[PDB]
Structures are given as C-alpha cells and as structure tokens.
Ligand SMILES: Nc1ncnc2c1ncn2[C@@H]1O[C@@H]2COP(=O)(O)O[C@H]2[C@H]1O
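Let's start with one chain on its own, the form solved without the ligand, as structure tokens.
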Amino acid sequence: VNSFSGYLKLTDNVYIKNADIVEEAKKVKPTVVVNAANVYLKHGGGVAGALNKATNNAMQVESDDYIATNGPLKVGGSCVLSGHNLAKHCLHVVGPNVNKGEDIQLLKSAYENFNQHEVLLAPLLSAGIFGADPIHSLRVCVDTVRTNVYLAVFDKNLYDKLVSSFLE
C-alpha cells in the first residue's frame, strides 16, 4: 500500500521522518524496505537485527540459504530477497563500513541500488555500526537517489541535526 504518513519532504524525491523503521514497515506496508546489510547477510546487529527480529528470524534463514549457494555481496552492492511480513521485497544494500576501514566513496554505489525501485522505505546508509557521518550520508542520498525514498531515523537528536543541516 506504500501509505507513508508524516514525512518531511526534503527534495522532490527524498522524505524523512523521526520513526522506527520496523514500525514504519508495519504501518506503511511498503513495496520495498531497504536493509542496512553486510556482505554476508548476517543480520545480528544494527538495523538488520531489528528487521530480522521483526520477521521472527525468517530473514536470516532465507539469507543463510542464499549466501551458501550465491556467495557474498560486494560493498556498495545489493540483492533483492523477500520482504517477509515487512514489505513485498527487501533490498539488502551494503554501505561501506568506515569503522572497519572501507572506502566512504562506496556510499554513492550503495545509494545507486535504490534507483531500481520506484518507492522505498529506508534507513540512512552507513550509519550506526557502519560509522559514517550521517549528515554526509543524507547528502549522498539526495545527490544520488532519483526514485522516491522515505528515510526513517530512529534517534530524535540525530533527526533534528539532519533536518537542521539540510535546511542550512
């Protein structure tokens, strides 16, 4: 149904809300939720752990089956797997992990994966355990994504800083 509500329109195609992405998925019934994935699709932490728990581990079971046959993703890459109870599809996108020395330039590649989907519910890529500057990630999103992205930011303080930064 893609019933997004209460988002702040930043650009013609980028929207943001102070919300929990899992509760958004339940409310919106998006066609596509983006996962903040790693290359092995091991969803023990970060947004990936939240999404996987909300699928009662179905996302991890599917992901383990996928990796054993298909091999890992690349940093900056993506795959499309089931959305389970959260969405029709899950776009698993690997942003660079700058806490582990990966090149922040790959954040552009990461966001380019969104352009194959008309509308997405997504987290800010490379945030949290991936260590990138969230203000920078929002700029790369706005500069790179051409399709309609609805960003959910959990932490109110961080939301407020992102919106302030963007309106400067």
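In this text, the rigid core denotes the largest set of C-alpha atoms whose superposition between the two forms falls within 1.5 Å. Start at 1 with the first residue shown and count on from there.
Inset, instruction - Going by root mean square C-alpha distance after a core fit, say whether 98 to 106 or 26 to 34 is farther from the shown form in 9 other deposited structures of this protein. - result: When 98 to 106 and 26 to 34 are compared in 9 other deposited structures of this protein, 98 to 106 lies farther out.
Legend entry - Mean C-alpha temperature factor, higher of 24 to 32 and 64 to 72: Higher mean C-alpha B-factor in the PDB entry: 24 to 32.
Inset, instruction - Look up the CA B-factors in the entry and say which stretch, 111 to 119 or 97 to 105, has the higher mean. - result: Stretch with the greater average CA B-factor: 97 to 105.
Legend entry - Record-listed C-alpha B factor of residue 151: chain third: As the PDB entry reports it, the C-alpha B-factor of residue 151 lands in the lowest third of its chain.
Inset, instruction - Could you look up the Cα B-factor of residue 78 in the entry and say which third of the chain it sits in: lowest, middle or highest? - result: For residue 78, whose C-alpha B-factor we compare with every modelled residue in the chain, the answer is the lowest third.
Inset, instruction - Grab the CA temperature factor for residue 56 from the record and place it in the lowest, middle or highest third of its chain. - result: Its C-alpha B-factor, which the entry lists for residue 56, ranks in the highest third among residues of this chain.
Inset, instruction - Taking the values exactly as deposited, rank residue 39 by C-alpha B-factor within its chain and report the matching third: lowest, middle or highest. - result: Ranked within chain, residue 39 CA B lands in the lowest tercile.
Legend entry - Cα B factor band for residue 125 (lowest, middle or highest third within the chain): Within its chain, residue 125 is a lowest-third residue by C-alpha B-factor, going by the deposited values.
Not on display, but discussed next: the form solved in complex with the ligand.
Inset, instruction - Could you check the pocket for me: superposition on the site C-alphas, the ligand placed as it sits in the deposited bound form, then open or blocked, blocked being at least 3 ligand atoms within 2.4 Å of backbone or C-beta atoms? - result: Site status blocked, 3 or more atoms under the 2.4 Å cut.
Inset, instruction - Verify the contact flag for residue 114: yes if a non-hydrogen atom of it lies within 4.5 Å of a non-hydrogen atom of the ligand in the deposited bound form, no if not. - result: Judged by the heavy-atom cut-off of 4.5 Å, residue 114 is well away from the ligand in the deposited bound form.
Inset, instruction - Evaluate residue 129 for contact with the ligand in the deposited bound form, applying a 4.5 angstroms cut-off between non-hydrogen atoms, and reply yes or no. - result: Contact check for residue 129: yes, within 4.5 Å of the ligand in the deposited bound form.
Inset, instruction - Look up in the deposited bound form whether residue 36 has a non-hydrogen atom within 4.5 angstroms of the ligand, and give yes or no. - result: Taking the distances in the deposited bound form, the answer for residue 36 is yes, it comes within 4.5 Å of the ligand.
Inset, instruction - Answer with yes or no whether residue 136 is in contact with the ligand in the deposited bound form, where contact means some heavy atom within 4.5 Å. - result: Judged by the heavy-atom cut-off of 4.5 Å, residue 136 is well away from the ligand in the deposited bound form.
Legend entry - Residue (of 110, 120, 141, 47) lying close to the ligand in the deposited bound form, criterion heavy atoms within 4.5 Å: Only one option qualifies, and that one is 47.
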